[PDB]
Amino acid sequence: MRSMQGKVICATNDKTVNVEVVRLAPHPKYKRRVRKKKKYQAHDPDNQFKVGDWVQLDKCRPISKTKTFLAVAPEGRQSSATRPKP
Amino acid sequence: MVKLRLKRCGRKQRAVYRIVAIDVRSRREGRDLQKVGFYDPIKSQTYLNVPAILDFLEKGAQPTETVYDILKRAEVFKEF
Amino acid sequence: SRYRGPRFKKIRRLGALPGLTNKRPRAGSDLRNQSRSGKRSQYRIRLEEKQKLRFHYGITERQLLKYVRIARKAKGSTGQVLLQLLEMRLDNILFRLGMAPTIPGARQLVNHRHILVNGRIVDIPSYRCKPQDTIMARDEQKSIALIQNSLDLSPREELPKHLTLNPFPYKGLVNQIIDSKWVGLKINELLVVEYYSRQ
Amino acid sequence: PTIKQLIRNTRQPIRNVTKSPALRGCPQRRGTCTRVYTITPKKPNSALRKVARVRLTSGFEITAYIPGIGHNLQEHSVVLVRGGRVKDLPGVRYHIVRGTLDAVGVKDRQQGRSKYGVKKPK
Amino acid sequence: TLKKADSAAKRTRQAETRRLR
RNA sequence: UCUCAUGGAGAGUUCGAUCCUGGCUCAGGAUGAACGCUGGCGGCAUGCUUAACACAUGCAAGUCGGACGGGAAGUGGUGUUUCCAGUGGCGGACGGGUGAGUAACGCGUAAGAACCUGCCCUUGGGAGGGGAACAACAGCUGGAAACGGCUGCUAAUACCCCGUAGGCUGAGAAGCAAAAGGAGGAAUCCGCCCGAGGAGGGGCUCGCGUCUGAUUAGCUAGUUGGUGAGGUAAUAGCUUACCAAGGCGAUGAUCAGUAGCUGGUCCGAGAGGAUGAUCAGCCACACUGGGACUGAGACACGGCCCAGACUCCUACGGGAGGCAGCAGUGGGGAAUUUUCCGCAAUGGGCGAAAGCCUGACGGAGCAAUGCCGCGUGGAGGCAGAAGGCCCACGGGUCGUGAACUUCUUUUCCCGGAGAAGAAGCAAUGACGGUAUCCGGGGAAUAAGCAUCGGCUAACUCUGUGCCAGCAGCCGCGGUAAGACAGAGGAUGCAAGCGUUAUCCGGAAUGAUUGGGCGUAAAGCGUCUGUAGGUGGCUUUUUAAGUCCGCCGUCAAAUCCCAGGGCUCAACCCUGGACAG
Ligand SMILES: [Mg+2]
Ligand SMILES: [Mg+2]
Ligand SMILES: [Mg+2]
Ligand SMILES: [Mg+2]
Ligand SMILES: [Mg+2]
Ligand SMILES: [Mg+2]
Ligand SMILES: [Mg+2]
Ligand SMILES: [Mg+2]
Ligand SMILES: [Mg+2]
Ligand SMILES: [Mg+2]
Ligand SMILES: [Mg+2]
Ligand SMILES: [Mg+2]
Ligand SMILES: [Mg+2]
Ligand SMILES: [Mg+2]
Ligand SMILES: [Mg+2]
Ligand SMILES: [Mg+2]
Ligand SMILES: [Mg+2]
Ligand SMILES: [Mg+2]
Ligand SMILES: [Mg+2]
Ligand SMILES: [Mg+2]
Ligand SMILES: [Mg+2]
Ligand SMILES: [Mg+2]
Ligand SMILES: [Mg+2]
Ligand SMILES: [Mg+2]
Ligand SMILES: [Mg+2]
Ligand SMILES: [Mg+2]
Ligand SMILES: [Mg+2]
Ligand SMILES: [Mg+2]
Ligand SMILES: [Mg+2]
Ligand SMILES: [Mg+2]
Ligand SMILES: [Mg+2]
Ligand SMILES: [Mg+2]
Ligand SMILES: [Mg+2]
Ligand SMILES: [Mg+2]
Ligand SMILES: [Mg+2]
Ligand SMILES: [Mg+2]
Ligand SMILES: [Mg+2]
Ligand SMILES: [Mg+2]
Ligand SMILES: [Mg+2]
Ligand SMILES: [Mg+2]
Ligand SMILES: [Mg+2]
Ligand SMILES: [Mg+2]
Ligand SMILES: [Mg+2]
Ligand SMILES: [Mg+2]
Ligand SMILES: [Mg+2]
Ligand SMILES: [Mg+2]
Ligand SMILES: [Mg+2]
Ligand SMILES: [Mg+2]
Ligand SMILES: [Mg+2]
Ligand SMILES: [Mg+2]
Ligand SMILES: [Mg+2]
Ligand SMILES: [Mg+2]
Ligand SMILES: [Mg+2]
Ligand SMILES: [Mg+2]
Ligand SMILES: [Mg+2]
Ligand SMILES: [Mg+2]
Ligand SMILES: [Mg+2]
Ligand SMILES: [Mg+2]
Ligand SMILES: [Mg+2]
Ligand SMILES: [Mg+2]
Ligand SMILES: [Mg+2]
Ligand SMILES: [Mg+2]
Ligand SMILES: [Mg+2]
Ligand SMILES: [Mg+2]
Ligand SMILES: [Mg+2]
Ligand SMILES: [Mg+2]
Ligand SMILES: [Mg+2]
Ligand SMILES: [Mg+2]
Ligand SMILES: [Mg+2]
Ligand SMILES: [Mg+2]
Ligand SMILES: [Mg+2]
Ligand SMILES: [Mg+2]
Ligand SMILES: [Mg+2]
Ligand SMILES: [Mg+2]
Ligand SMILES: [Mg+2]
Ligand SMILES: [Mg+2]
Ligand SMILES: [Mg+2]
Ligand SMILES: [Mg+2]
Ligand SMILES: [Mg+2]
Ligand SMILES: [Mg+2]
Ligand SMILES: [Mg+2]
Ligand SMILES: [Mg+2]
Ligand SMILES: [Mg+2]
Ligand SMILES: [Mg+2]
Ligand SMILES: [Mg+2]
Ligand SMILES: [Mg+2]
Ligand SMILES: [Mg+2]
Ligand SMILES: [Mg+2]
Ligand SMILES: [Mg+2]
Ligand SMILES: [Mg+2]
Ligand SMILES: [Mg+2]
Ligand SMILES: [Mg+2]
Ligand SMILES: [Mg+2]
Ligand SMILES: [Mg+2]
Ligand SMILES: [Mg+2]
Ligand SMILES: [Mg+2]
């Protein structure tokens, strides 16, 4: 299905990162939407990602008692690069 | 293995069967993969849906005696 | 499960009930004590409406209730649909074709297997009749005798246009579904419905 | 009120509290009478009420009312008790079903007999 | 002598021998 | 005046009255219900909720002589044919029961990649040459029994070796590995070994949804990751050594308490509340705990081993056992059935088939437990009599009610005939001589239970006198009681009617739809501010929400709509779909 975009809280450990994913959900009774935030242990060989980064999260075979997820370069994002002003 | 057989429904003394494709180790009325035919002795109502039967027989489904003979009368074994 | 009690009584209290009795009530002779309840609570009015219905057709309450659920299910005007349902009953169509003296008589007839619906014997009163249906007497001596003497000696020709009758074999025929104006009694169905809002 | 607050679960229901705890979710319970005695009712109702203390199968001891007129009940009798509250007497939440086990039916009651456990007279 | 437990006994013994193998 | 709607009711009670806030109580539905009184019949269902507490007896898993050697019944004999322990083969991992444990990827839903797979299909190649044992049996012997001990003996589709192998290990070089015959006179059949697929059944992994408690605030060190070696059918702290210091947590971790979950069921105008019996799927367990073995498959309910607790047998030296399988007994309890028939149907197991076994299942029996149908008579019946009760004694009312006269026979009784259910060769039916059909009698065999002060439909009289008693709330009852008990009368339902228990409703009384906070319960004493929530206008972008179309799926049964079948209905069957 659709992979999960999130941002990195902790880069400290080797070949791993700790990602925070925020997703919105329409709370079952009262119909307003709420932010629920979950953490993930993501497998990242090469240790390319640092703290603060915005990274897409992919699914794969289990690499540990926790990490099921492969750290993947951000899928698509609006360029923060300056655009023309017509 | 996969077996095409009768599953018993209706009520006391009045019996009506569905013809169904189901793994042989499930119970007699238990859950199944596909419903295919319909059968009944007293109203002498019998008819089937042949593409399904053929698609299961193709993948190796074994019928049971009663069912086997029902398929015989409707000539599903000749097309095979 | 049937009302074997005094008729004239329920007649006095409720009103005129065709399906019960052809004998007009006594002067009533209650003018001595002049005892009244005062007037009737709205509840009593509604209750007597329902009771009217129920006793005209010989139906039990718990039966009436499920008829009413059927009614609330059906798509259309509730009270009307109800009255349809009550008026298509077999002993009732039997009565209203004058094949019987009254509804208890017609019920007795139906019950003893003296009737045929499309060459098939139906002995249960509540059998629901559907359009294009043949109401016949069983071909035996006694059945014919009953139907003949109860048909001929009663002069009334009111037949309400959905009901056909033919002379020698005495083939009754149900033509169609009842019309609200063709109903067998004077009743505000609105009241019975309002009573049944609480079930 | 505030939605934000309602999503902290600020609505919780008040559970149903039973009127006859000693029954423990049953229609009846059998018990043995520890004592049979009389009590005076809360004023202005004065009379003398017939009550017996019963020790039950669920272990509790309660005080239950005996209906009708007259009774044969005495200590170490096995009766059957049912729910329902007598507004008169403080603390009495239970009756004694008449006509079963050790409580006989009320003698010479002709009407509404089923409540008091009485045969139909021939 | 007539001994009746097929399943029990027989499967037991078989299990032993096969286990040694 | 098109379309949508088939749906939301109140009443009493604080006061001398009123309006209000506010609780309590009632009218409705539903039971796996129990108890009281009463009880004719049929149709389809349902039947230990408590003690996952004990269990006497009988039965619930076997089959294959066409894998094999024997011996035992007959027969005249190895022409015929049966049974049978034993070795082997598959099956006992399905079916059946129960809900103790489990707040978990256990369940529902949706995804994934590192796997396994006997039987069943589809397909590519093969089955050479030997040898050795072990039961059985025999003899000797120990045992009360259970069950054993020595020495011989023997067959195989049972064991071992060698040769060959489109597979396995490995960068390669190389290295390594298989077989089984039995039927038939032959054709041919059922098998065997190695690969490669298919379908079904299993193992894992992850997103989301998955009870109450803050008077439970820090928890976790193989714990959270990395490498190296091991291990698993496969990924993995699954294991172990070393390195690093993480992981989870005020959006509630950890700890405690409760609970099997889901299709669904009950209620609700709807939004949603409560619950998880029967019926269907999944999990978990098998006297209490722990192990493994066999095997495609188990850590195995009617298998093994141990410990423990408990029951039995013993000739006292030792053994035997596990109903939460079907019935059945004790016990607990308000409470829940026969130690029944049958493999004929469907479904399983084994077999070449004949066939055998199936307390799964099909049926019967018991019980108003529930839903549904029918009955207990129909038509006429001076308006005269007996009797109950009321009466201002005039009369009223039980009452067309009965008695009485005719008609009818569903049900009852006595006789007859008598299915489908059975599937294509006939045969073969537990139900059952039942369902149904024809005849003969004959109103004949069959009505109770609540209530009658208000809510709430239905009223008077005798008996009692703050007594006896009633009551769901308000409250009745101190001499004429519409509220107690009796009678008559009436009303409501009706083979049921009431009472108690449980749940939702009404309750807008925990309020999203749908409430409040000056004085009725309710604004922190007042600020500063962190997380958190919302946030002015204009243009562009993106498309996460949002919206529309199409696809996959959300099992069948249930609910909804449309037909069809049991005489109708309940129930069953087909087809289809809104929601979300
Ligand atoms: Mg046929
Ligand atoms: Mg009466
Ligand atoms: Mg309602
Ligand atoms: Mg609000
Ligand atoms: Mg309530
Ligand atoms: Mg006050
Ligand atoms: Mg007052
Ligand atoms: Mg209020
Ligand atoms: Mg009720
Ligand atoms: Mg009885
Ligand atoms: Mg239990
Ligand atoms: Mg035994
Ligand atoms: Mg047997
Ligand atoms: Mg043979
Ligand atoms: Mg044999
Ligand atoms: Mg063989
Ligand atoms: Mg021979
Ligand atoms: Mg043998
Ligand atoms: Mg032997
Ligand atoms: Mg099992
Ligand atoms: Mg099982
Ligand atoms: Mg069962
Ligand atoms: Mg539990
Ligand atoms: Mg816990
Ligand atoms: Mg999951
Ligand atoms: Mg989860
Ligand atoms: Mg799982
Ligand atoms: Mg095998
Ligand atoms: Mg070949
Ligand atoms: Mg060879
Ligand atoms: Mg070799
Ligand atoms: Mg071999
Ligand atoms: Mg031969
Ligand atoms: Mg030969
Ligand atoms: Mg293969
Ligand atoms: Mg739940
Ligand atoms: Mg370590
Ligand atoms: Mg509501
Ligand atoms: Mg159960
Ligand atoms: Mg089940
Ligand atoms: Mg297990
Ligand atoms: Mg036990
Ligand atoms: Mg164990
Ligand atoms: Mg193994
Ligand atoms: Mg087993
Ligand atoms: Mg075990
Ligand atoms: Mg057992
Ligand atoms: Mg032991
Ligand atoms: Mg033992
Ligand atoms: Mg043993
Ligand atoms: Mg049992
Ligand atoms: Mg007992
Ligand atoms: Mg007892
Ligand atoms: Mg019972
Ligand atoms: Mg069979
Ligand atoms: Mg069979
Ligand atoms: Mg076979
Ligand atoms: Mg038997
Ligand atoms: Mg059964
Ligand atoms: Mg009986
Ligand atoms: Mg019945
Ligand atoms: Mg009965
Ligand atoms: Mg009862
Ligand atoms: Mg009924
Ligand atoms: Mg009459
Ligand atoms: Mg007759
Ligand atoms: Mg009949
Ligand atoms: Mg035949
Ligand atoms: Mg007859
Ligand atoms: Mg009134
Ligand atoms: Mg009373
Ligand atoms: Mg009540
Ligand atoms: Mg007075
Ligand atoms: Mg006096
Ligand atoms: Mg008096
Ligand atoms: Mg007087
Ligand atoms: Mg009274
Ligand atoms: Mg009376
Ligand atoms: Mg009841
Ligand atoms: Mg509410
Ligand atoms: Mg409240
Ligand atoms: Mg308020
Ligand atoms: Mg004040
Ligand atoms: Mg205040
Ligand atoms: Mg202030
Ligand atoms: Mg203040
Ligand atoms: Mg303060
Ligand atoms: Mg501030
Ligand atoms: Mg801020
Ligand atoms: Mg913002
Ligand atoms: Mg804006
Ligand atoms: Mg469905
Ligand atoms: Mg329909
Ligand atoms: Mg029909
Ligand atoms: Mg359907
Ligand atoms: Mg959809």
# chains A, B, ... in the order shown; residues from 1 in each chain; ligands from 1
call {"tool": "select_by_dssp", "arguments": {"residues": "chain D", "states": "helix (DSSP H, G or I)", "output": "VMD selection string"}}
result
chain D and resid 3 to 6 21 to 23 113 to 116
call {"tool": "residues_around", "arguments": {"residues": "residue C:148", "least_positions_apart": "3", "cutoff": "12 Å", "atoms": "only C-alpha atoms (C1' of nucleotides)", "output": "mmCIF file with N, CA and C atoms, in the first residue's frame"}}
result
data_model
loop_
_atom_site.group_PDB
_atom_site.id
_atom_site.type_symbol
_atom_site.label_atom_id
_atom_site.label_comp_id
_atom_site.auth_asym_id
_atom_site.auth_seq_id
_atom_site.Cartn_x
_atom_site.Cartn_y
_atom_site.Cartn_z
ATOM 1 N N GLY C 98 -71.261 -13.773 1.176
ATOM 2 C CA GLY C 98 -72.540 -14.246 1.655
ATOM 3 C C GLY C 98 -72.610 -15.750 1.637
ATOM 4 N N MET C 99 -71.449 -16.390 1.629
ATOM 5 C CA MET C 99 -71.405 -17.842 1.644
ATOM 6 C C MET C 99 -71.569 -18.324 3.082
ATOM 7 N N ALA C 100 -71.700 -17.364 3.991
ATOM 8 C CA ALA C 100 -71.822 -17.666 5.404
ATOM 9 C C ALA C 100 -72.748 -16.687 6.119
ATOM 10 N N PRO C 101 -73.362 -17.136 7.229
ATOM 11 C CA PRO C 101 -74.186 -16.224 8.038
ATOM 12 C C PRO C 101 -73.394 -15.057 8.637
ATOM 13 N N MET C 136 -64.277 -21.986 -3.854
ATOM 14 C CA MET C 136 -65.248 -23.000 -4.221
ATOM 15 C C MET C 136 -65.725 -23.740 -2.988
ATOM 16 N N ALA C 137 -66.885 -24.370 -3.088
ATOM 17 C CA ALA C 137 -67.284 -25.348 -2.089
ATOM 18 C C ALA C 137 -66.712 -26.701 -2.481
ATOM 19 N N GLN C 141 -71.911 -33.615 -0.678
ATOM 20 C CA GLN C 141 -73.300 -33.243 -0.423
ATOM 21 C C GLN C 141 -73.466 -32.156 0.643
ATOM 22 N N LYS C 142 -72.831 -32.356 1.793
ATOM 23 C CA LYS C 142 -73.032 -31.467 2.927
ATOM 24 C C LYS C 142 -72.486 -30.070 2.670
ATOM 25 N N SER C 143 -71.305 -29.993 2.060
ATOM 26 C CA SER C 143 -70.669 -28.711 1.737
ATOM 27 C C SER C 143 -71.548 -27.859 0.813
ATOM 28 N N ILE C 144 -71.962 -28.476 -0.292
ATOM 29 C CA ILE C 144 -72.908 -27.865 -1.211
ATOM 30 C C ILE C 144 -74.153 -27.406 -0.434
ATOM 31 N N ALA C 145 -74.785 -28.300 0.333
ATOM 32 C CA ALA C 145 -76.000 -27.962 1.108
ATOM 33 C C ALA C 145 -75.857 -26.711 1.999
ATOM 34 N N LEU C 151 -76.357 -19.136 1.293
ATOM 35 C CA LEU C 151 -76.267 -18.142 0.214
ATOM 36 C C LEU C 151 -77.629 -17.608 -0.232
ATOM 37 N N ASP C 152 -78.563 -18.526 -0.460
ATOM 38 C CA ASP C 152 -79.843 -18.192 -1.082
ATOM 39 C C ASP C 152 -80.813 -17.495 -0.125
ATOM 40 N N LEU C 153 -80.938 -18.026 1.089
ATOM 41 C CA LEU C 153 -81.896 -17.517 2.073
ATOM 42 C C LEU C 153 -81.493 -16.152 2.643
ATOM 43 N N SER C 154 -80.273 -15.717 2.332
ATOM 44 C CA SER C 154 -79.821 -14.370 2.676
ATOM 45 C C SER C 154 -79.831 -13.475 1.430
ATOM 46 N N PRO C 167 -73.622 -18.426 -10.503
ATOM 47 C CA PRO C 167 -74.766 -19.129 -9.892
ATOM 48 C C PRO C 167 -74.780 -20.669 -9.658
ATOM 49 N N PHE C 168 -74.564 -21.515 -10.669
ATOM 50 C CA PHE C 168 -74.783 -22.967 -10.477
ATOM 51 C C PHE C 168 -73.691 -23.739 -9.707
ATOM 52 N N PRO C 169 -72.420 -23.668 -10.151
ATOM 53 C CA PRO C 169 -71.400 -24.365 -9.350
ATOM 54 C C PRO C 169 -71.084 -23.624 -8.041
ATOM 55 N N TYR C 170 -71.480 -22.353 -8.020
ATOM 56 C CA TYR C 170 -71.130 -21.377 -6.987
ATOM 57 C C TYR C 170 -69.640 -21.185 -6.857
ATOM 58 N N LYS C 171 -69.084 -20.642 -7.928
ATOM 59 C CA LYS C 171 -67.690 -20.269 -7.971
ATOM 60 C C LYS C 171 -67.559 -18.814 -7.535
#
call {"tool": "residues_around", "arguments": {"residues": "stretch 3-13 of chain E", "least_positions_apart": "4", "cutoff": "12 Å", "atoms": "only C-alpha atoms (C1' of nucleotides)", "output": "number ranges by chain"}}
result
E: 17-20; F: 61-63, 84-88, 91-92, 135, 293-295, 302-304
call {"tool": "interface_residues", "arguments": {"of": "chain B", "to": "chain F", "cutoff": "9 Å", "atoms": "only C-alpha atoms (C1' of nucleotides)", "output": "VMD selection string"}}
result
chain B and resid 1 to 3 5 to 17 22 to 33 35 41 to 43 56 to 62 65 to 66 69 to 70
call {"tool": "select_by_dssp", "arguments": {"residues": "chain B", "states": "strand (DSSP E)", "output": "PyMOL selection string"}}
result
chain B and resi 2-11+14-23+34-39+46-47+62-63
call {"tool": "write_last_selection", "arguments": {"atoms": "C-alpha atoms", "output": "mmCIF file, in the first residue's frame"}}
result
data_model
loop_
_atom_site.group_PDB
_atom_site.id
_atom_site.type_symbol
_atom_site.label_atom_id
_atom_site.label_comp_id
_atom_site.auth_asym_id
_atom_site.auth_seq_id
_atom_site.Cartn_x
_atom_site.Cartn_y
_atom_site.Cartn_z
ATOM 1 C CA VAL B 2 -10.144 -29.682 -2.306
ATOM 2 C CA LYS B 3 -13.408 -31.534 -2.554
ATOM 3 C CA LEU B 4 -16.662 -30.677 -4.315
ATOM 4 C CA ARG B 5 -19.480 -31.987 -2.178
ATOM 5 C CA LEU B 6 -22.848 -31.519 -0.544
ATOM 6 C CA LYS B 7 -23.478 -29.272 2.442
ATOM 7 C CA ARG B 8 -26.740 -29.992 4.277
ATOM 8 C CA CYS B 9 -29.310 -27.272 4.946
ATOM 9 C CA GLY B 10 -33.034 -26.766 5.248
ATOM 10 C CA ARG B 11 -34.881 -28.323 8.145
ATOM 11 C CA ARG B 14 -36.848 -31.732 4.682
ATOM 12 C CA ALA B 15 -33.383 -31.567 3.321
ATOM 13 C CA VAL B 16 -31.782 -29.358 0.747
ATOM 14 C CA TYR B 17 -28.143 -29.365 -0.292
ATOM 15 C CA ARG B 18 -25.714 -26.870 -1.650
ATOM 16 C CA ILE B 19 -22.910 -28.078 -3.870
ATOM 17 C CA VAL B 20 -19.723 -26.470 -2.728
ATOM 18 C CA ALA B 21 -15.987 -26.364 -3.277
ATOM 19 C CA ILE B 22 -14.304 -26.705 0.082
ATOM 20 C CA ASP B 23 -11.128 -28.138 1.609
ATOM 21 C CA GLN B 34 -16.965 -21.185 -3.570
ATOM 22 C CA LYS B 35 -20.615 -22.184 -3.843
ATOM 23 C CA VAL B 36 -21.382 -23.870 -7.122
ATOM 24 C CA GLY B 37 -24.400 -26.111 -7.454
ATOM 25 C CA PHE B 38 -27.783 -26.682 -5.903
ATOM 26 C CA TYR B 39 -29.541 -29.957 -5.215
ATOM 27 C CA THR B 46 -31.163 -30.099 -9.611
ATOM 28 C CA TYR B 47 -28.986 -27.675 -11.451
ATOM 29 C CA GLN B 62 -12.274 -34.506 -6.227
ATOM 30 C CA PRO B 63 -16.001 -34.990 -6.200
#
call {"tool": "residues_near_ligand", "arguments": {"ligand": "ligand 71", "cutoff": "12 Å", "atoms": "only C-alpha atoms (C1' of nucleotides) and all ligand atoms", "output": "MDAnalysis selection string"}}
result
(chainID D and resid 68 111:113 115) or (chainID F and resid 450:453 469:471 476 483:485)
call {"tool": "residues_near_ligand", "arguments": {"ligand": "ligand 35", "cutoff": "8 Å", "atoms": "only C-alpha atoms (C1' of nucleotides) and all ligand atoms", "output": "list in words"}}
result
residues 195, 196 and 197 of chain F
call {"tool": "write_last_selection", "arguments": {"atoms": "C-alpha atoms (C1' of nucleotides)", "output": "PDB file, in the first residue's frame"}}
result
ATOM      1  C1'   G F 195      13.144 -33.233  -9.657  1.00  0.00           C
ATOM      2  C1'   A F 196       9.557 -28.854 -11.693  1.00  0.00           C
ATOM      3  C1'   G F 197       4.700 -26.681 -11.271  1.00  0.00           C
TER       4        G F 197
END
call {"tool": "atom_distance", "arguments": {"atom1": "atom CA of residue D:27", "atom2": "atom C1' of residue F:500"}}
result
5.1 Å
call {"tool": "residues_near_ligand", "arguments": {"ligand": "ligand 60", "cutoff": "10 Å", "atoms": "only C-alpha atoms (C1' of nucleotides) and all ligand atoms", "output": "MDAnalysis selection string"}}
result
chainID F and resid 366:368
call {"tool": "residues_around", "arguments": {"residues": "residue D:107", "least_positions_apart": "4", "cutoff": "12 Å", "atoms": "only C-alpha atoms (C1' of nucleotides)", "output": "CSV table (one decimal) with N, CA, C and O atoms, in the first residue's frame"}}
result
chain,number,residue,atom,x,y,z
D,68,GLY,N,-49.4,-11.8,52.8
D,68,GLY,CA,-50.6,-12.6,53.0
D,68,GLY,C,-51.2,-12.4,54.4
D,68,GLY,O,-51.0,-11.4,55.1
D,69,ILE,N,-51.9,-13.4,54.9
D,69,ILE,CA,-52.5,-13.4,56.2
D,69,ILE,C,-52.1,-14.7,57.0
D,69,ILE,O,-52.5,-15.8,56.6
D,70,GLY,N,-51.3,-14.6,58.0
D,70,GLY,CA,-50.8,-15.7,58.8
D,70,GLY,C,-49.8,-16.5,58.2
D,70,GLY,O,-49.6,-16.5,56.9
D,71,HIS,N,-49.0,-17.2,59.0
D,71,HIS,CA,-47.9,-18.0,58.4
D,71,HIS,C,-47.5,-19.1,59.4
D,71,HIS,O,-47.7,-19.0,60.6
D,72,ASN,N,-46.9,-20.2,58.8
D,72,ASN,CA,-46.4,-21.2,59.7
D,72,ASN,C,-44.9,-21.2,59.9
D,72,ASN,O,-44.3,-22.0,60.6
D,98,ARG,N,-44.7,-17.3,48.5
D,98,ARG,CA,-45.6,-18.2,49.3
D,98,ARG,C,-46.0,-19.4,48.5
D,98,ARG,O,-46.1,-19.4,47.3
D,99,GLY,N,-46.1,-20.6,49.2
D,99,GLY,CA,-46.5,-21.8,48.6
D,99,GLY,C,-45.5,-22.7,48.0
D,99,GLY,O,-45.8,-23.8,47.5
D,103,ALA,N,-42.7,-22.4,53.0
D,103,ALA,CA,-43.8,-21.5,53.2
D,103,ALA,C,-45.0,-22.0,52.5
D,103,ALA,O,-45.0,-22.2,51.3
D,111,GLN,N,-58.9,-14.9,45.8
D,111,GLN,CA,-58.7,-14.0,44.7
D,111,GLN,C,-57.2,-13.6,44.4
D,111,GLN,O,-56.5,-13.3,45.4
D,113,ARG,N,-55.0,-15.6,43.5
D,113,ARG,CA,-54.4,-16.6,44.3
D,113,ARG,C,-53.0,-16.9,43.9
D,113,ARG,O,-52.2,-17.4,44.7
D,116,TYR,N,-50.2,-15.6,46.0
D,116,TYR,CA,-50.0,-16.2,47.3
D,116,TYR,C,-49.8,-17.7,47.3
D,116,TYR,O,-49.7,-18.3,48.4
D,117,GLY,N,-49.8,-18.4,46.2
D,117,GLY,CA,-49.5,-19.8,46.1
D,117,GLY,C,-50.6,-20.7,46.6
D,117,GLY,O,-50.4,-21.5,47.6
D,118,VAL,N,-51.8,-20.5,46.1
D,118,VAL,CA,-53.0,-21.2,46.5
D,118,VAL,C,-53.6,-22.0,45.4
D,118,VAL,O,-53.8,-21.5,44.3
D,119,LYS,N,-54.0,-23.2,45.7
D,119,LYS,CA,-54.7,-24.1,44.7
D,119,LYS,C,-56.0,-23.4,44.3
D,119,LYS,O,-56.6,-22.7,45.1
D,120,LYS,N,-56.5,-23.8,43.1
D,120,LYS,CA,-57.9,-23.4,42.8
D,120,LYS,C,-58.9,-24.3,43.5
D,120,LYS,O,-58.7,-25.6,43.5
D,121,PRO,N,-59.9,-23.8,44.1
D,121,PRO,CA,-60.9,-24.6,44.7
D,121,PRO,C,-61.8,-25.2,43.7
D,121,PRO,O,-62.1,-24.6,42.7
call {"tool": "atom_distance", "arguments": {"atom1": "atom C1' of residue F:342", "atom2": "atom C1' of residue F:432"}}
result
13.1 Å
call {"tool": "residues_near_ligand", "arguments": {"ligand": "ligand 63", "cutoff": "9 Å", "atoms": "only C-alpha atoms (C1' of nucleotides) and all ligand atoms", "output": "list in words"}}
result
residues 34, 35, 36, 368 and 369 of chain F
call {"tool": "write_last_selection", "arguments": {"atoms": "C-alpha atoms (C1' of nucleotides)", "output": "PDB file, in the first residue's frame"}}
result
ATOM      1  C1'   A F  34     -36.836 -19.022  37.214  1.00  0.00           C
ATOM      2  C1'   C F  35     -41.349 -19.234  40.503  1.00  0.00           C
ATOM      3  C1'   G F  36     -46.961 -19.198  41.294  1.00  0.00           C
ATOM      4  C1'   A F 368     -45.875 -24.474  27.334  1.00  0.00           C
ATOM      5  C1'   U F 369     -38.745 -22.741  27.447  1.00  0.00           C
TER       6        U F 369
END
call {"tool": "residues_around", "arguments": {"residues": "residue A:26", "least_positions_apart": "5", "cutoff": "10 Å", "atoms": "only C-alpha atoms (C1' of nucleotides)", "output": "PyMOL selection string"}}
result
(chain A and resi 31-35) or (chain F and resi 545)
call {"tool": "residues_around", "arguments": {"residues": "residue A:15", "least_positions_apart": "4", "cutoff": "10 Å", "atoms": "only C-alpha atoms (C1' of nucleotides)", "output": "PDB file with C-alpha atoms (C1' of nucleotides), in the first residue's frame"}}
result
ATOM      1  CA  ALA A  11      19.944   9.174  14.341  1.00  0.00           C
ATOM      2  CA  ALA A  42      13.907   2.150  10.536  1.00  0.00           C
ATOM      3  CA  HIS A  43      16.701   0.237   8.897  1.00  0.00           C
ATOM      4  CA  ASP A  44      19.143   2.526   7.088  1.00  0.00           C
ATOM      5  CA  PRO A  45      22.322   0.970   5.756  1.00  0.00           C
ATOM      6  CA  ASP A  46      25.034   3.576   4.919  1.00  0.00           C
ATOM      7  CA  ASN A  47      23.715   5.904   7.661  1.00  0.00           C
ATOM      8  CA  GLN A  48      22.913   8.684   5.202  1.00  0.00           C
ATOM      9  CA  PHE A  49      20.127  10.362   7.168  1.00  0.00           C
ATOM     10  CA  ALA A  71      14.631   4.148   5.189  1.00  0.00           C
TER      11      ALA A  71
ATOM     12  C1'   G F 225      20.373  -1.717  18.110  1.00  0.00           C
ATOM     13  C1'   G F 226      25.706  -3.372  15.368  1.00  0.00           C
TER      14        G F 226
END
call {"tool": "residues_near_ligand", "arguments": {"ligand": "ligand 23", "cutoff": "7 Å", "atoms": "only C-alpha atoms (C1' of nucleotides) and all ligand atoms", "output": "list in words"}}
result
residues 99, 100, 101 and 259 of chain F
call {"tool": "interface_residues", "arguments": {"of": "chain F", "to": "chain A", "cutoff": "9 Å", "atoms": "only C-alpha atoms (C1' of nucleotides)", "output": "list in words"}}
result
residues 110, 111, 112, 113, 114, 205, 206, 224, 225, 226, 235, 236, 237, 244, 245, 246, 251, 512, 539, 540, 541, 542, 544 and 545 of chain F
